[PDB]
C-alpha cells in the first residue's frame, strides 16, 4: 500500500473493465434481484456484482489490491454457492473465475510496479 492513490485507482478502473468484458452476457453486471429470490440471503452473506464494485471503487473503498480481488471472488463464489452445477449460471461463474484470475494476475504485476 506504499504508492500514490490516483494511478492505483486508474489501474483498478481498467482492471474492472477488463473483468466485465469477460462477462459477455452481463449477468454479473448488477445485484442479483432479491425480489426474485427471497431465499438468496439465506445462503449468501455478502452479495456482490460489478456495479457495486464500481461504486465501491469510486467511493475509495478499495485501497489495496486484495480487497478489490476479494469482492471479485465473491461474485464468483456466491454464484457457485447458490446455483446448481448443471446451470449456465454456475458454469459462467467457473469461466469467469478462470478468465478473471488471469486478468487479476496481470493487474497485480502492474500494481507492484507502482
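Here, rigid core means the biggest group of C-alpha atoms that superpose within 1.5 Å across both forms. Numbering follows the first chain given and starts at 1.
With every structure aligned by its rigid core, 31 to 39 is the stretch of 31 to 39 and 76 to 84 whose CA positions lie farther away in 8 other deposited structures of this protein. Here the stretch with the larger average CA B-factor, out of 28 to 36 and 80 to 88, is 28 to 36. Among all modelled residues in this chain, the alpha-carbon of residue 20 has a temperature factor (C-alpha) in the middle third. Among the modelled residues of its chain, residue 44 has a C-alpha B-factor that falls in the highest third, as given in the PDB entry. When the modelled residues of the chain are ordered by their C-alpha B factor, residue 59 lands in the highest third.
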